[PDB]
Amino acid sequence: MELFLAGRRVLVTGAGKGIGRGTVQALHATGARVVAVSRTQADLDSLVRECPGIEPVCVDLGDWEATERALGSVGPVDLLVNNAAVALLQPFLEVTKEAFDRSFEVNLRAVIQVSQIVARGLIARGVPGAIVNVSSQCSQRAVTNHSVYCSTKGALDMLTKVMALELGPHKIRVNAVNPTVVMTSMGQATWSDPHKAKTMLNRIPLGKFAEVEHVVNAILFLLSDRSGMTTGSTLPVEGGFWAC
């Protein structure tokens, strides 16, 4: 199934590691032009060696002012993957103002700002496009010590819906993907305990956590014209965790 992603310009946030990195790798492989945005220079340096031709942008996306300046003259961008996020885990009764603020600045505010920059561009050019927001299984199911992170992802699901409503007339589709634990730096920080992960694994009908490739495939399908009547959705990549 040809997705018709070849030659199109794609911006990926949180491109340094895990899902964002895999997404840049897949897009570069299929002949897309990629803008790779991430917080840590070393991650972008190695990525550009692996994927020659991608345009690295090193910026902290929790910084509205710095984001605007860095994504300033990004150029035409046809397709957008909002993947950058932080998981700042604290028991509810220990949540701090600082962890709340940081989480919403990165996981949600930056989704607004980057998507605005991309959408404005598409509309000015009079051309259709697509946005995928990387949410989570946790966007619709609570997990201990994830009050902030779950709230950002629940917010992100709804944000996705409003964006879909308002951008649909401009032929811009906006979807979310919702993965279970993916063993990456985030995933194997706290799910690295074989029995903390055990209780969750028992709740997953397919009996396993998600690979980066599972998430990337879902993102690519949602970016493509193959999903041309899908907008405002939350596509689960969690092995049936939501079902039971």
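Quick note: we count residues from 1 along the sequence shown, nothing fancier.
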For this session: Decide which of the stretches 2 to 10 and 235 to 243 has the higher mean C-alpha B-factor, going by the entry.
Result: 2 to 10
For this session: Look up the CA B-factors in the entry and say which stretch, 183 to 191 or 34 to 42, has the higher mean.
Result: 183 to 191
Seminar exercise, completed: Among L61, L47, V177, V212, the highest C-alpha B-factor in the PDB entry belongs to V212
Problem set entry | Selection from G75, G154, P91, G129 [criterion: highest C-alpha temperature factor in the record] | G75
Seminar exercise, completed: Binned into thirds over the chain's modelled residues, the C-alpha B-factor of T67 lands in the lowest
Problem set entry | Relative C-alpha B-factor of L201, binned into the chain's lowest, middle or highest third | highest
Exercise. When the modelled residues of the chain are sorted by Cα temperature factor, does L27 land in the lowest, middle or highest third?
Worked result: highest
Problem set entry | B-factor third for the C-alpha atom of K171 within its chain | middle
Exercise. Comparing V57 with the other modelled residues of its chain, is its CA B-factor in the lowest, middle or highest third?
Worked result: middle
